[PDB]
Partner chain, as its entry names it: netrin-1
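Have a look below at one chain only, the form solved without its partner chain, in structure tokens format.
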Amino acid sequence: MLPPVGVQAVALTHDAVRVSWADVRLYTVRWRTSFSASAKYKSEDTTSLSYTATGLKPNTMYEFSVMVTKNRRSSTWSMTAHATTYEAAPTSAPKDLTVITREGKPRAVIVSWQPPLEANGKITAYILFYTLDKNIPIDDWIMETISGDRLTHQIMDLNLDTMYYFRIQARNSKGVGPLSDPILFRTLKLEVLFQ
């Protein structure tokens, strides 16, 4: 039989994409992550001229193909349609948060991290929280906003021999992901620092 034509795939939500083609005959629609190792498909059957592929990973590009079947006779697969699903707030937190004293200038540290695994989109900005107090809530810490293109930041004029707390989170076009777990960094005292 003749495969369907005018196949187009349009992203709805961040996990839904609606394929739509033009021509009882049954249509089968297959899809697959275009950038992955698994060369295996997922598919579903319908009798409408459209179908919504759901349960997808956000900010990901998918390829869609439709065939038609009627009375034991199946057609070949149609031209593939490409669709990228919408973005979503990050799910993980930034990883490997590290604080190291800057040499040879004490009272200042260089904070280094790595982007989150589940960014679910392009990271617009990083938010870095740090404080001296053990009790005050997160919204009263010192806040520093670093661009998404930077993975390091310089903090200056800290206190000597004092325990600092560090929290970092990733932002995104549709919101901000969860904070990481606290990182404890103790600035050294001059006695230990010089030998």
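Positions refer to the first chain, counted from 1.
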Deposited residues omitted from coordinates between residue 23 and residue 24, as a class: 10 or more
78 to 86 or 101 to 109, whichever carries the higher mean Cα B-factor: 101 to 109
Selected stretch [higher average CA B-factor]: 124 to 132 or 56 to 64: 56 to 64
Residue with maximal Cα B-factor (values as given in the PDB entry) among 31, 164, 35, 27: 35
Chain third (lowest, middle, highest) by recorded CA B-factor, residue given as residue 14: highest
Record-listed C-alpha B factor of residue 138: chain third: highest
Relative C-alpha B-factor of residue 170, binned into the chain's lowest, middle or highest third: lowest
CA B-factor ranking of residue 48, expressed as a third of its chain: highest
B-factor third for the C-alpha atom of residue 70 within its chain: lowest
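The protein also exists as the form solved in complex with its partner chain; that form is not presented, and the subsequent description refers to it.
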Contact assignment for its partner chain in the entry with it bound, among 54, 36, 162, 69, heavy atom within 4.5 Å: 54
Contact test in the entry with it bound: residue 118 vs its partner chain, heavy atoms, 4.5 Å: yes
Touches its partner chain in the entry with it bound: residue 27 (any heavy atom, 4.5 Å): no
Its partner chain contact at residue 12 in the entry with it bound, heavy atom, 4.5 Å: yes
In the entry with it bound, residue 112 touching its partner chain (heavy atom, 4.5 Å): no
